[PDB]
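Notes for the structure review
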Amino acid sequence: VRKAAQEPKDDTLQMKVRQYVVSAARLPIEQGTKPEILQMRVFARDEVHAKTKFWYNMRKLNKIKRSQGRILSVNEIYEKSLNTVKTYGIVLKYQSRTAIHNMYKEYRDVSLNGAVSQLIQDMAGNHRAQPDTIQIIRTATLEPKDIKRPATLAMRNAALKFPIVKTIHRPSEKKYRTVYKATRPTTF
Amino acid sequence: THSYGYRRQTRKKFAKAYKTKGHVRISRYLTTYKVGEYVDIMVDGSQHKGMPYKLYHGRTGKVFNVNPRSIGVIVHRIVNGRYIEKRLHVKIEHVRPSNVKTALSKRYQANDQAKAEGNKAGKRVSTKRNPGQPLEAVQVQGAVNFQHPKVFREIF
Amino acid sequence: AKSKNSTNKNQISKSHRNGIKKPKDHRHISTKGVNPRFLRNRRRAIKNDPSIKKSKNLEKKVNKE
Amino acid sequence: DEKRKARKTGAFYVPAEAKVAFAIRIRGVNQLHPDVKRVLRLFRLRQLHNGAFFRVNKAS
RNA sequence: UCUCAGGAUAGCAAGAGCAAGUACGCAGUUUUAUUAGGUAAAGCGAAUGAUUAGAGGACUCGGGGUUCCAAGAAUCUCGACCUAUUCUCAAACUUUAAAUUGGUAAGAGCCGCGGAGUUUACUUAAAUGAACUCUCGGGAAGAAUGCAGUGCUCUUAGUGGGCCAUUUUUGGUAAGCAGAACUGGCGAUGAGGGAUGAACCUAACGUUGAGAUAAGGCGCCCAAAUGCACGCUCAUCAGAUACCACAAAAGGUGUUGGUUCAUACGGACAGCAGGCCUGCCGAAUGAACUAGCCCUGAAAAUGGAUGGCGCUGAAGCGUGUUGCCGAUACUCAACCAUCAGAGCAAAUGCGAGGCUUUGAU
Ligand SMILES: [Mg+2]
Ligand SMILES: [Mg+2]
Ligand SMILES: [Mg+2]
Ligand SMILES: [Mg+2]
Ligand SMILES: [Mg+2]
Ligand SMILES: [Mg+2]
Ligand SMILES: [Mg+2]
Ligand SMILES: [Mg+2]
Ligand SMILES: [Mg+2]
Ligand SMILES: [Mg+2]
Ligand SMILES: [Mg+2]
Ligand SMILES: [Mg+2]
Ligand SMILES: [Mg+2]
Ligand SMILES: [Mg+2]
Ligand SMILES: [Mg+2]
Ligand SMILES: [Mg+2]
Ligand SMILES: [Mg+2]
Ligand SMILES: [Mg+2]
Ligand SMILES: [Mg+2]
């Protein structure tokens, strides 16, 4: 249980993804040289986890292995303003029992970390995806001209109203909990 | 296995290496061997006499006797959870000198030299070799190559 | 009748149980596999070498020669 | 501070790598390859919930 | 071993001992140094063996059909020979060639074509060589890590039908079949979890209290969340998960995602219209795919088994997040016993197969 600072006060409401930048270099490590540095953006729940994500992708993308290189640094990135709602696009590859797939997904959230967490839960529930399998190709905070999904564009209007049609009874604290009460609740 | 005979299952071990057919290899004829040297033992298929049992091919023995056509060597075989000394006699053909001591002597002499000189200056020199060690702190100024995970594509 | 023909299962462990015994390195080794030529030489060169202490009556024999 | 000078350059500074590690035994005794057993024994974790220090070596 | 339900024989096991427990020693471990190997793979425009496709060819090796006229020449058809290729393969093929793994080593019993010796069918033309002795010169101890398992004697019990799991494997359509390899395990073994149950998961057991756990759980039977957040699902045959108690080829205008091509106020799709086009209507509308849950494919004999109740704002499927419950393991103490520490004479508050203590088990 280690929180990143930009996570909510209630741990419940969001997953423990954080967004990392990791960068490393070919091991020989020649001093005065101007090294090729390999840098990548990973989403993980740890520094360790991030390192893994890093290396996996890196050994797939290029010749390098870990005994062949060194980790220069791992730096968590944060979201600018948690005051506004943004529409995020994400581009994925994941692995389904048959084959591998490229998906584009959109979520309306306050954080790119939130965008990701929601992405994972969704991908589990609807697609039975395994986290380890998921590869996020590219992520963009979306400009309105660019938002393509109906359940996304669905929420743009000021005239938005939800009645709350059914209120399921939920006592305020536990101190108030009773199995059986002397009269029936209401919905509304 | 239904058959047990001195050469059983000797097929590819003893076949001469590619394009080795009929190589006489005069060098082995000339190699000098001494009672205490370490020999590596390697069979050649053209020379049938003084052939060791396949088990001993590629083993490292210690020389023990020297005969006119053959070097007596010493190897050990694990048998029923114990080691058993075996005195081999190899014809010159199937024997070659092992570098396992050569390395040692070369190293030692150089090292000893270093230590003697240091003893001259009051500096104790140590010859102990340390294995790979955790990397020292570093500064890095370089060009950043930013990679992104590729989309999947099928090549048919 | 039916039996299990050859299994090497428990035998490896059994062998490692008390350790693998290795013989003792003895300064002086037996003479097996050493030719008689060399051996006679050793015998002679030892008998005649004064820097090698013999028995008393032996030295008598050696000093007479 | 090294980190700071780095960050400002756009360059980065890698601290020297840990020379001391700690290990704790997660798993029980039963049913283990004899090699594994002995490796554990060398690391001096002979039971569950045993921590120890070790150097960091190609060896270790 | 006339040996196959048995015997010996090694191995495994116990007790009594020996030795300076060469720690510069030891090791089912790495590291470093020197080295082996022909398996996996791959390779057959490379050898051996198979083996498809088309074309060319000055020069070719023969057959046949064609034609002409005539026996020749011209020419269609075959293959064989190259020419440049090409399809698919080998446990009894192989150039190439791994991972895992095998030898031997990592110094005082070391290193150095420096010395002086000893050798009567040892070596050489050769004080040449060789092997051993006494010398001369140099040599911080020559990797990590661990050592509550030092080496060896002596005497001897039981055993000699095995069985299972992961991975690898051969015969077999197959089998809770028959055989093999490495490591375990079960037998010889309990405790908690898989409702249940030899070989699965945690975990290895002296008597006892506390705490925090593993495996697994927390709607009730049941300790602990009818917790807090996500996605998906309505079954007139839902579903409910390792080893585990089975389902396939094949299908669905059920529902939700995603992929690739398309339409639309220079008014689409559809319907109604009307003569390919055109009006009305009015913002979204096509097509092929893919994978989730759901539906069909899905027949058996006593009455029935996600373990049972029952569960659909889940008590279902794939996740997120926090706490809590929970072994005979882990902590901490008390007691018992085992093994090992330390201390007990001019003695003495008591018994030396003793007393006092300490750590592990
Ligand atoms: Mg070979
Ligand atoms: Mg043994
Ligand atoms: Mg009987
Ligand atoms: Mg016996
Ligand atoms: Mg004893
Ligand atoms: Mg030591
Ligand atoms: Mg090994
Ligand atoms: Mg090799
Ligand atoms: Mg595996
Ligand atoms: Mg069987
Ligand atoms: Mg295994
Ligand atoms: Mg195992
Ligand atoms: Mg029995
Ligand atoms: Mg058990
Ligand atoms: Mg308790
Ligand atoms: Mg609820
Ligand atoms: Mg039922
Ligand atoms: Mg059912
Ligand atoms: Mg159940």
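Description of the structure in this document. (Residues numbered from 1 in each chain as written, not as in the entry; some residues may be left out. Chains lettered and ligands numbered in written order. Part of a larger assembly, values for the part shown. Heavy atoms only, no water.)

What follows covers the protein's contact with RNA strand E. For RNA strand E, the set of nearby residues contains 116 residues, the closest of which are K12, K34 and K115 of chain B, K9 of chain C together with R41 of chain D. A share of 73% is what sugar and phosphate atoms reach among the atoms of RNA strand E within 4 Å of the protein. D122 of chain A has a polar side-chain atom sitting 2.6 Å from a sugar or linking oxygen of RNA strand E. Within the contact set of RNA strand E, a sugar or linking oxygen lies 2.7 Å away from a side-chain nitrogen or oxygen of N57 of chain D. Among the elements that make up the surface near RNA strand E, the one with the highest residue count is helix α3 (residues 99–121) of chain B (twelve residues). A class-by-class count of the residues in the surface near RNA strand E yields 32 nonpolar, 38 polar and 46 charged. (Near = heavy atom within 4 Å. Polar contact = N/O pair within 3.5 Å; in protein donor to acceptor, adjacent residues only side chain to side chain. Helix = DSSP H or I, 4+ residues; strand = E, 2+ residues; numbered from the N terminus. Nonpolar A, V, L, I, M, F, W, Y, C, P; charged D, E, K, R; others polar.)

We now examine the interface of chain B and chain A. At the junction of the two partners, chain B supplies 17 residues and chain A supplies 23 residues. A combined buried area of about 1900 Å² lies between chain B and chain A, and 63% of that area is made up of carbon and sulfur atoms. Summed over the three residues of chain B that lose the most area to chain A, namely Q147, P149 and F152 of chain B, the buried surface amounts to 29% of that side. Counting across the chain B and chain A interface gives zero salt bridges. Counting across the interface, chain B meets chain A through ten residue pairs in polar contact. Secondary structure elements with two or more residues in the side of chain B that touches chain A: β6 (138–140) and β7 (143–146) of chain B. Looking at the side of chain B that touches chain A element by element, the count peaks at four residues for β7 of chain B. For the side of chain B that touches chain A, the per-class residue count stands at ten nonpolar, five polar and two charged. In this sheet, β7 of chain B lies alongside strand β2 (residues 36–44) of chain A in parallel orientation, the contact comprising four bridges. Opposite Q39 of chain A, over in β7 of chain B, you have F146 of chain B as the bridge partner. (Contact = heavy atoms within 4.5 Å. Buried area = accessible area lost by both parts, 1.4 Å probe. Salt bridge = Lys/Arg side-chain N within 4 Å of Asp/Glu carboxyl O. Pairing = 2+ DSSP bridges.)

Residue and element names in this part refer to chain A. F43, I90, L92, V116, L119, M123 and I136 are the most contacted members of the largest nonpolar core, which totals 17 residues. Of all the elements in the fold, those that place two or more residues in this core are β4 (86–95), β5 (100–109) and α2 (112–125). When residues in this core are grouped by element, the largest group, six residues, is from α2. The residues contacting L92, other than those within four sequence positions of it, are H101, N102, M103, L119, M123, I134, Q135, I136 and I137. Counting residues in each nonpolar core, the second largest holds 14 residues, with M40, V42, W55 and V74 among its members. (Core = buried A, V, L, I, M, F, W, Y, C linked by side-chain atoms within 4.5 Å. Buried < 20%, exposed > 50% of the residue type's maximum accessible area, 1.4 Å probe, protein only.)

Further remarks concern the sheet that holds strand β3 (residues 70–79) of chain B. All names here are of chain B. The antiparallel open sheet is built from five strands, whose spatial order is β4-β3-β2-β1-β5. Two strands in the sheet have a free side with no partner beyond their single neighbour: β4 (82–91) and β5 (95–97). Taking each pair of neighbouring strands and ignoring which way they run, the sheet shows an average axis angle of 45 degrees. Judged from the three bridges that link them, strand β2 (residues 59–66) and β3 form a sheet pairing that is antiparallel. The residue of β3 that forms the bridge with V63 is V73. (Axes fitted to C-alpha atoms, helices over the stretch in contact; angles between N-to-C directions.)

Let us now look at the layout of surface pockets. The space that makes up the largest pocket amounts to roughly 1000 Å³. Around the largest pocket, the lining is made up of 28 residues, and of these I74 and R87 of chain B together with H26, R27 and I29 of chain C lie nearest the centre. Looking at the lining of the largest pocket, the element that brings in the most residues is β2 of chain B, giving five residues. Of the residues belonging to the lining of the largest pocket, the class tally is twelve nonpolar, seven polar and nine charged. There is about 590 Å³ of room inside the second largest pocket. Along its surface, the second largest pocket is lined by 28 residues, and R66, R70 and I71 of chain A, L135 of chain B together with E17 of chain D are the ones closest to its centre. (1 Å grid on protein atoms, 1.4 Å probe; cavity = no way out; pocket = protein on both sides within 12 Å on 5 of 7 lines; lining within 4 Å. Points joined across faces, edges and corners; volume = space filled by probe spheres on them.)

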